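Enquirer: One structure, as structure tokens, below. Some questions next.
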Amino acid sequence: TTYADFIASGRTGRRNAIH
Amino acid sequence: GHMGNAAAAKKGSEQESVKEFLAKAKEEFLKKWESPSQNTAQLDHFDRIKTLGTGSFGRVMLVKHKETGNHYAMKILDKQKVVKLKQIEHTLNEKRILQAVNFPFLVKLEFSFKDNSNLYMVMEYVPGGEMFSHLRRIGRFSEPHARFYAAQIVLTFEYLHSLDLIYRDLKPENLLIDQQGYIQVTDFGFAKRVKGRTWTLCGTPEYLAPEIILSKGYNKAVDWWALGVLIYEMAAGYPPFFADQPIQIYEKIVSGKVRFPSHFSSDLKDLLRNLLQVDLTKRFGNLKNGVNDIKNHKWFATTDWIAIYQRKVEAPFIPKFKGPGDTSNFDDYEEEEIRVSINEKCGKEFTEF
Ligand SMILES: NCCNS(=O)(=O)c1cccc2cnccc12
């Protein structure tokens, strides 16, 4: 499922900006 | 048509009153923009309590003002590290913006000062924690809950864009919940005051509009795309475009095929398809009707915009408050020493701070 893919993505924590 | 006489006159009048408000707000902003405040406190006026998190190019500490006992959130920026990151101008600009703007959902800058080593931005302490925390804790927000927060961002962007400010880092991590359950937008480290087009690749991958990723220039409509991402994430619990690595996220964004959870209402899906719209001649917030295409959308039909602005709507979630200086609504972070060198660093570069 999309939610399971989200969990597996490694990007469930705080996300840094880029510059 | 969709409105009878009374409803049409009321909406027309409301939209004209927004114009009047924004004209006055611009006058007030420009006065402070042109003559910024400076050096309004010093470090030994504060007790350092606990690290609350990070912000762009620095770390944010809960502090207590010794003379009053009032608590604040102080962002500490190491001048040498800022220089190395090539972020001198963005740190100066963040402070300049924060001291010049004034809106109920924008975090206020209470003091600022600098010393030999660091810059200090002493902001209001917003004690309810990040929207990010609450969202990850409960999974997803109901559509009414998401809508309450979204309405505050719509009004805040309407305000900022009238000042020619583009925000460029909307995400739940940057939105703090205050004691009344309303939102406070933080971190203007990527904002820019510009009247037309700009080109910088900056922001957070999941929230970038396609035209930021691509070499073409872009305008304030990137913030309305980002609102679409935020509303989607609030209501779904995850963002519309994600992947293991930013490069793959960018591919999905510019491909642009959004899919929705089956629990999303039809009104929500319609709004999101019009915000997460690659075509700038079609994206809401970028058309002849401006912000009114968003504010008048069916998904916001129950939103009393003035009552949100006046903070008279009951919030869906009131954070728990133990006592003054309680950080129970925050993650724990590494505690980094504040060191102040005997020698002034980067003085000329940060003169304006
Ligand atoms: N992760 C981005 C938010 N960082 S933060 O440390 O929570 C944070 C950043 C900026 C202002 C704040 C005001 N009150 C509380 C916390 C504040």
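Identifiers for the structure tokens are assigned positionally: chains receive A, B, ... in sequence, residues are indexed from 1 per chain, and ligands are indexed from 1 in the order shown.
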Output the contact residues of chain A with respect to chain B at a cut-off of 7 Å, based on only C-alpha atoms, as a list in words.
Expert: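 Taken together, these residues fit the definition: residues 6, 9, 10, 11, 14, 15, 16, 17, 18 and 19 of chain A.
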Enquirer: Run DSSP on the backbone and tell me which residues of chain A come out as helix (DSSP H, G or I); list them as a list in words.
Expert: residues 2, 3, 4, 5, 6, 7 and 8 of chain A
Enquirer: List as an NGL selection string the protein and nucleic acid residues lying within 10 Å of ligand 1, with only C-alpha atoms and all ligand atoms counted.
Expert: (:A and (14-16)) or (:B and (50-56 or 58-62 or 71-75 or 107-109 or 121-133 or 171-178 or 184-188 or 327 or 329-331 or 333))
Enquirer: When you count only C-alpha atoms, which of these residues is closest to residue 1 of chain A: B:158, B:139, B:220, B:262?
Expert: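 That would be B:262, the residue with the smallest distance to residue 1 of chain A.
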Enquirer: Contacts of residue 165 of chain B at 9 Å or less, counting only C-alpha atoms, minus same-chain residues fewer than 4 places along, as an MDAnalysis selection string?
Expert: chainID B and resid 97 157 159:161 191:195 220
Enquirer: Find the spatial neighbours of residue 275 of chain B, counting only C-alpha atoms, within a cut-off of 6 Å - ignore same-chain residues fewer than 3 positions away - and output them as a ChimeraX atom specification.
Expert: /B:225,228,272,283-284
Enquirer: So how many Å separate atom CA of residue 29 of chain B and atom CA of residue 98 of chain B, to one decimal?
Expert: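 We find that atom CA of residue 29 of chain B and atom CA of residue 98 of chain B lie 10.3 Å from each other.
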Enquirer: What does the structure give for the distance between atom CA of residue 346 of chain B and atom CA of residue 116 of chain B, in Å to one decimal?
Expert: 8.3 Å
Enquirer: I'd like to know which of B:155, B:196, B:230, B:149 is closest to residue 306 of chain B, using only C-alpha atoms.
Expert: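 Of B:155, B:196, B:230, B:149, the one nearest residue 306 of chain B, counting only C-alpha atoms, is B:155.
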Enquirer: Taking only segment 2-85 of chain B into account, list the residues labelled strand (DSSP E or B) by DSSP (computed from the backbone), as a PyMOL selection string.
Expert: chain B and resi 46-55+58-65+71-78
Enquirer: Please produce an output containing N, CA and C atoms for each residue in the selection, written as a short mmCIF file (atom, residue, chain, number, x, y, z; two decimals), in the first residue's frame.
Expert:
```cif
data_model
loop_
_atom_site.label_atom_id
_atom_site.label_comp_id
_atom_site.auth_asym_id
_atom_site.auth_seq_id
_atom_site.Cartn_x
_atom_site.Cartn_y
_atom_site.Cartn_z
N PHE B 46 19.52 35.95 29.85
CA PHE B 46 18.72 34.74 29.72
C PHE B 46 19.40 33.55 30.37
N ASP B 47 18.60 32.69 31.00
CA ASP B 47 19.03 31.35 31.38
C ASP B 47 18.74 30.39 30.23
N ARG B 48 19.71 29.56 29.90
CA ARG B 48 19.55 28.52 28.89
C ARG B 48 18.99 27.26 29.54
N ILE B 49 17.89 26.73 29.01
CA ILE B 49 17.13 25.65 29.66
C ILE B 49 17.30 24.32 28.93
N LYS B 50 16.97 24.28 27.65
CA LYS B 50 16.89 23.00 26.94
C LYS B 50 16.79 23.28 25.45
N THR B 51 17.38 22.40 24.64
CA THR B 51 17.26 22.53 23.19
C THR B 51 15.90 22.00 22.73
N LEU B 52 15.17 22.83 21.98
CA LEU B 52 13.84 22.53 21.46
C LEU B 52 13.86 21.88 20.09
N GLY B 53 14.93 22.09 19.33
CA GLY B 53 15.00 21.59 17.98
C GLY B 53 15.98 22.42 17.19
N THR B 54 15.84 22.34 15.87
CA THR B 54 16.67 23.12 14.99
C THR B 54 15.80 24.08 14.19
N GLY B 55 16.48 25.05 13.59
CA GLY B 55 15.92 25.83 12.51
C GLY B 55 17.00 25.96 11.46
N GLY B 58 20.82 26.73 12.31
CA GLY B 58 21.10 26.87 13.73
C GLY B 58 20.31 25.92 14.60
N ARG B 59 20.45 26.10 15.90
CA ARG B 59 19.72 25.31 16.89
C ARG B 59 18.89 26.25 17.76
N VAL B 60 17.74 25.77 18.22
CA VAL B 60 16.77 26.57 18.95
C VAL B 60 16.71 26.09 20.39
N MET B 61 16.93 27.00 21.33
CA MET B 61 16.93 26.67 22.75
C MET B 61 15.83 27.40 23.50
N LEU B 62 15.16 26.66 24.37
CA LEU B 62 14.28 27.28 25.35
C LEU B 62 15.15 28.08 26.32
N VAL B 63 14.80 29.35 26.52
CA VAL B 63 15.51 30.22 27.44
C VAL B 63 14.50 30.90 28.34
N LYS B 64 14.98 31.34 29.50
CA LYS B 64 14.18 32.12 30.44
C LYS B 64 14.83 33.47 30.66
N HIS B 65 14.06 34.53 30.42
CA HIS B 65 14.52 35.89 30.66
C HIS B 65 14.64 36.11 32.16
N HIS B 71 9.57 32.90 29.25
CA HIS B 71 10.29 31.96 28.41
C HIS B 71 10.18 32.33 26.93
N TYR B 72 11.24 32.00 26.19
CA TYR B 72 11.37 32.29 24.77
C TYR B 72 12.10 31.13 24.11
N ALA B 73 12.02 31.10 22.77
CA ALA B 73 12.75 30.14 21.94
C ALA B 73 13.81 30.91 21.17
N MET B 74 15.06 30.66 21.52
CA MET B 74 16.19 31.42 20.99
C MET B 74 16.94 30.59 19.96
N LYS B 75 16.93 31.04 18.72
CA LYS B 75 17.73 30.42 17.68
C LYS B 75 19.15 30.99 17.72
N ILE B 76 20.13 30.09 17.78
CA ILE B 76 21.55 30.43 17.86
C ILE B 76 22.20 30.05 16.54
N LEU B 77 22.82 31.03 15.88
CA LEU B 77 23.49 30.83 14.60
C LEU B 77 24.98 31.12 14.76
N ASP B 78 25.81 30.14 14.45
CA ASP B 78 27.26 30.26 14.54
C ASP B 78 27.73 31.00 13.29
#
```
Enquirer: Rounded to one decimal place, report the atom CA of residue 163 of chain B-atom CA of residue 18 of chain B distance in Å.
Expert: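 These atoms are spaced 13.6 Å apart.
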Enquirer: Excluding residue 293 of chain B and its own-chain neighbours fewer than 6 positions away, which residues fall within 10 Å of it when counting only C-alpha atoms? Please give them as a list in words.
Expert: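 The residues satisfying every condition are residues 271, 274, 283, 284, 285, 286 and 287 of chain B.
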Enquirer: Let me see the file: selected residues, N, CA, C and O atoms, as a tab-separated table (two decimals), in the first residue's frame.
Expert:
```tsv
chain	number	residue	atom	x	y	z
B	271	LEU	N	-9.83	20.32	-4.69
B	271	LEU	CA	-8.92	21.37	-4.27
B	271	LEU	C	-7.47	20.97	-4.54
B	271	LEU	O	-6.68	21.75	-5.07
B	274	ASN	N	-6.22	21.12	-8.06
B	274	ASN	CA	-6.03	22.50	-8.50
B	274	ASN	C	-4.85	23.20	-7.83
B	274	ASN	O	-4.36	24.19	-8.38
B	283	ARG	N	-3.07	26.67	-12.03
B	283	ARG	CA	-2.91	26.42	-10.60
B	283	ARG	C	-3.63	27.48	-9.77
B	283	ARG	O	-3.42	28.69	-9.96
B	284	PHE	N	-4.43	27.03	-8.82
B	284	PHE	CA	-5.09	27.96	-7.91
B	284	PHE	C	-4.07	28.77	-7.13
B	284	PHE	O	-3.03	28.26	-6.69
B	285	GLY	N	-4.41	30.04	-6.93
B	285	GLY	CA	-3.52	30.97	-6.32
B	285	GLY	C	-2.70	31.71	-7.34
B	285	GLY	O	-2.03	32.67	-6.98
B	286	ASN	N	-2.73	31.28	-8.61
B	286	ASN	CA	-1.97	31.89	-9.69
B	286	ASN	C	-2.84	32.40	-10.83
B	286	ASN	O	-2.31	32.71	-11.91
B	287	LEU	N	-4.14	32.50	-10.63
B	287	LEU	CA	-5.07	32.87	-11.69
B	287	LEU	C	-5.56	34.30	-11.48
B	287	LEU	O	-5.22	34.97	-10.49
```
